[PDB]
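Asker: Sharing the initial chains of the complex here, in place:
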Amino acid sequence: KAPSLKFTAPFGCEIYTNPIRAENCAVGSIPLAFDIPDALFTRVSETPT
């Protein structure tokens, strides 16, 4: 029994059991898309300047 994947995983993952899953593997990057409606854009003079 060469040690578990809990202790040997690259990027510092955190292997768990009941769903077989890894946690918090610091690798890659998430892109994001924001479809923002036009109602949220407050005008200039309703904010300090």
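Answerer: That came in fine, so what should we check first? Numbers count the residues shown, from 1 in each chain, chains lettered A, B, ... in the order given.
Asker: Mind listing what's buried along stretch A:38-49?
Answerer: Buried residues in stretch A:38-49, counting neighbours by 16 or more other CB atoms under 10 Å, are absent. Heads up, the C-betas are built off the backbone N, CA and C, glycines and all.
Asker: which stretches of chain A form helices?
Answerer: For chain A, the helices defined by DSSP state H cover A:5-8.
Asker: which residue is nearest the centroid of it?
Answerer: By CA atoms, centre = their mean, chain A has its centre lying nearest to residue A:30, at 6.7 Å.
Asker: From residue A:19, how far out is that one?
Answerer: 21 Å (CB to CB, to the nearest Å).
Asker: for residue A:46, same thing?
Answerer: With CB to CB as the criterion, residue A:46 and residue A:19 are 47 Å apart.
Asker: same check, this time on residue A:44
Answerer: Where residue A:19 is concerned, residue A:44 sits at a distance of 49 Å (CB to CB).
Asker: Then residue A:49?
Answerer: 51 Å.
Asker: residues near residue A:9, how many?
Answerer: 14 (other CB atoms under 10 Å).
Asker: also put chain B on there:
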Amino acid sequence: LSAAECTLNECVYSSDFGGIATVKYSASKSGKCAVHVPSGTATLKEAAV
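Answerer: Putting chain B together with the chains above:
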């Protein structure tokens, strides 16, 4: 008036009255009178302030 200065707070060339100009003046008498733009550059909302 005497020594009046005009700055543009909001400026958006929208179809409605979408621009705010705050005229910083210094008046000899305190009384209402009429503002106007001679050109077709801007169309003012109110006739007097």
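Asker: which parts of chain B sit against chain A?
Answerer: B:9-10, B:20 (CB under 8 Å from any CB of the partner chain).
Asker: out of those, which are inside strands?
Answerer: Per DSSP state E, strands hold the following members of the residues of chain B next to chain A: B:9-10, B:20.
Asker: just to revisit the earlier point, among the residues of chain B next to chain A, which one lies nearest to residue A:7?
Answerer: residue B:10 (60.1 Å; CB to CB).
Asker: list the contacts for that closest one?
Answerer: With contacts defined as CB atoms under 8 Å, 6 or more residues apart in numbering or on different chains, residue B:10 is in contact with A:43-45, B:18-20.
Asker: Out of those, the closest to residue B:41 would be?
Answerer: Distances from the contacts of residue B:10 to residue B:41 were compared by CB to CB; the smallest belongs to residue B:19, at 11.0 Å.
Asker: tally of neighbours for the closest one?
Answerer: Here the number of neighbours of residue B:19 (other CB atoms under 10 Å in any protein chain shown) works out to 16.
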